[PDB]
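Enquirer: Shown below is the structure under consideration.
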Amino acid sequence: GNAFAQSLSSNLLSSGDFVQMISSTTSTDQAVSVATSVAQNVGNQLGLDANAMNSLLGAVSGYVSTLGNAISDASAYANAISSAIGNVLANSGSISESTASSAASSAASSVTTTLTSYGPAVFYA
(Lines give C-alpha, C1' and ligand atoms only; values in the text may rest on other atoms or scores of the structure.)
Protein backbone atom coordinates (compact mmCIF):
# COMPACT_ATOMS: atom_id res chain seq x y z
CA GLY A 1 0.00 0.00 0.00
CA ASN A 2 2.98 2.29 0.54
CA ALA A 3 3.62 2.27 -3.20
CA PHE A 4 0.18 3.74 -3.85
CA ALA A 5 0.78 6.75 -1.60
CA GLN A 6 4.44 6.93 -2.63
CA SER A 7 3.54 7.11 -6.32
CA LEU A 8 1.03 9.91 -5.78
CA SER A 9 3.09 11.74 -3.16
CA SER A 10 6.18 11.44 -5.36
CA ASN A 11 4.45 13.53 -8.02
CA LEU A 12 2.97 15.93 -5.46
CA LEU A 13 6.38 16.46 -3.86
CA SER A 14 8.03 17.19 -7.21
CA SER A 15 5.05 19.34 -8.21
CA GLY A 16 6.18 22.47 -10.02
CA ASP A 17 4.13 24.38 -7.46
CA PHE A 18 4.55 22.27 -4.33
CA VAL A 19 8.26 21.57 -4.84
CA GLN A 20 8.75 25.33 -5.16
CA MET A 21 7.60 25.86 -1.57
CA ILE A 22 9.53 22.85 -0.28
CA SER A 23 12.70 24.11 -1.95
CA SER A 24 11.95 27.74 -1.12
CA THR A 25 12.06 27.02 2.61
CA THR A 26 15.76 26.28 2.15
CA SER A 27 15.83 24.22 5.35
CA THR A 28 15.16 20.52 5.94
CA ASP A 29 13.94 21.45 9.42
CA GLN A 30 11.17 23.67 8.07
CA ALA A 31 10.49 21.15 5.30
CA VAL A 32 9.18 18.73 7.94
CA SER A 33 6.40 21.19 8.76
CA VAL A 34 5.07 21.01 5.20
CA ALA A 35 5.28 17.22 4.96
CA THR A 36 3.55 16.92 8.33
CA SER A 37 0.89 19.41 7.27
CA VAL A 38 -0.10 17.47 4.15
CA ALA A 39 0.01 14.18 6.04
CA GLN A 40 -2.42 15.53 8.64
CA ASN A 41 -5.05 16.06 5.94
CA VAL A 42 -4.75 12.47 4.73
CA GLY A 43 -4.79 11.02 8.23
CA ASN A 44 -7.65 13.29 9.28
CA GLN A 45 -9.89 11.66 6.67
CA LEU A 46 -9.17 8.31 8.31
CA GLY A 47 -9.58 9.63 11.84
CA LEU A 48 -7.19 7.75 14.12
CA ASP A 49 -6.45 8.76 17.71
CA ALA A 50 -5.22 12.29 18.41
CA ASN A 51 -2.36 11.11 20.63
CA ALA A 52 -1.48 8.23 18.31
CA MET A 53 -1.61 10.49 15.25
CA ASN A 54 1.14 12.62 16.79
CA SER A 55 3.49 9.64 17.07
CA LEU A 56 2.46 8.35 13.65
CA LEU A 57 3.10 11.68 11.92
CA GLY A 58 6.41 11.85 13.76
CA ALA A 59 7.66 8.91 11.71
CA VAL A 60 8.31 11.00 8.60
CA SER A 61 9.52 13.94 10.69
CA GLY A 62 12.44 11.81 11.83
CA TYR A 63 12.92 10.05 8.50
CA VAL A 64 13.28 13.29 6.55
CA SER A 65 15.94 14.49 8.99
CA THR A 66 18.17 11.75 7.59
CA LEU A 67 17.44 12.75 3.99
CA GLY A 68 17.35 16.52 4.45
CA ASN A 69 20.48 17.18 2.41
CA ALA A 70 18.83 15.65 -0.66
CA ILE A 71 15.15 16.60 -0.70
CA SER A 72 15.15 17.52 -4.39
CA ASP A 73 14.31 13.86 -4.99
CA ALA A 74 10.51 13.60 -4.82
CA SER A 75 10.79 9.81 -4.72
CA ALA A 76 13.20 9.90 -1.78
CA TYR A 77 11.43 12.72 0.06
CA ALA A 78 7.95 11.31 -0.57
CA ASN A 79 9.28 7.85 0.27
CA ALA A 80 9.44 8.79 3.95
CA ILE A 81 6.16 10.70 3.98
CA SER A 82 4.29 7.89 2.23
CA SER A 83 6.08 5.29 4.36
CA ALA A 84 5.06 7.10 7.55
CA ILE A 85 1.35 7.48 6.77
CA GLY A 86 1.28 4.26 4.77
CA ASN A 87 2.36 2.37 7.88
CA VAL A 88 -0.69 3.38 9.91
CA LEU A 89 -2.95 3.27 6.85
CA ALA A 90 -1.83 -0.25 5.95
CA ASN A 91 -2.51 -1.43 9.51
CA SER A 92 -6.14 -0.45 8.94
CA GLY A 93 -6.29 -2.82 5.99
CA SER A 94 -7.39 -1.29 2.69
CA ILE A 95 -7.14 2.45 2.06
CA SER A 96 -10.55 4.14 2.02
CA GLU A 97 -13.85 2.27 2.28
CA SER A 98 -12.89 0.20 -0.76
CA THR A 99 -10.93 2.17 -3.35
CA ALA A 100 -7.37 3.49 -3.62
CA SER A 101 -8.43 6.47 -5.73
CA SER A 102 -10.98 8.54 -3.80
CA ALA A 103 -8.77 8.75 -0.71
CA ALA A 104 -5.71 9.77 -2.72
CA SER A 105 -7.72 12.13 -4.92
CA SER A 106 -9.23 13.86 -1.89
CA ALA A 107 -6.04 13.84 0.18
CA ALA A 108 -3.98 15.14 -2.75
CA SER A 109 -6.72 17.63 -3.64
CA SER A 110 -6.48 19.24 -0.20
CA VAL A 111 -2.81 20.08 -0.74
CA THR A 112 -3.36 21.20 -4.34
CA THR A 113 -5.84 23.88 -3.25
CA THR A 114 -3.97 24.67 -0.04
CA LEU A 115 -1.08 26.25 -1.95
CA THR A 116 -2.35 27.87 -5.15
CA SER A 117 -6.00 28.53 -4.32
CA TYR A 118 -5.19 30.25 -1.03
CA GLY A 119 -1.53 30.90 -1.73
CA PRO A 120 1.90 29.53 -0.77
CA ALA A 121 2.46 31.74 2.27
CA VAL A 122 -0.87 30.40 3.54
CA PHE A 123 0.93 27.11 4.17
CA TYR A 124 3.21 28.64 6.81
CA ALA A 125 0.08 29.56 8.77
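Ordering of the C-alpha coordinates sets the chain letters (A, B, ...); residue numbers start at 1 within each chain; ligands are numbered from 1 in the order shown.
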If you run DSSP on the backbone here, which positions in chain A get alpha helix (DSSP H)? Please write them as a ChimeraX atom specification.
Expert: /A:2-13,18-24,28-46,50-66,74-91,102-116,121-124
Enquirer: Got a sec: who's within 12 Å of residue 86 (chain A), counting only C-alpha atoms, leaving out chain neighbours fewer than 5 positions off, as an NGL selection string?
Expert: :A and (1-9 or 39 or 42-43 or 46 or 56-57 or 59-60 or 78-81 or 91-95 or 104)
Enquirer: Nearest to residue 54 (chain A) among A:31, A:85, A:74, A:115, with distances taken over only C-alpha atoms: which residue is it?
Expert: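 The shortest atom-to-atom distance to residue 54 (chain A) comes from A:85.
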Enquirer: Between CA of residue 32 (chain A) and CA of residue 58 (chain A), measure the distance and give it in Å to one decimal.
Expert: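 CA of residue 32 (chain A) sits 9.4 Å away from CA of residue 58 (chain A).
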Enquirer: What does the distance between CA of residue 10 (chain A) and CA of residue 75 (chain A) come to in Å, to one decimal place?
Expert: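 A separation of 4.9 Å between them.
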Enquirer: Choose the residue, out of A:51, A:102, A:68, A:17, that has the smallest atom-to-atom separation from residue 29 (chain A); count only C-alpha atoms.
Expert: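 Smallest separation from residue 29 (chain A) among the options: A:68.
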Enquirer: What does the structure give for the distance between CA of residue 66 (chain A) and CA of residue 52 (chain A), in Å to one decimal?
Expert: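 A separation of 22.7 Å between them.
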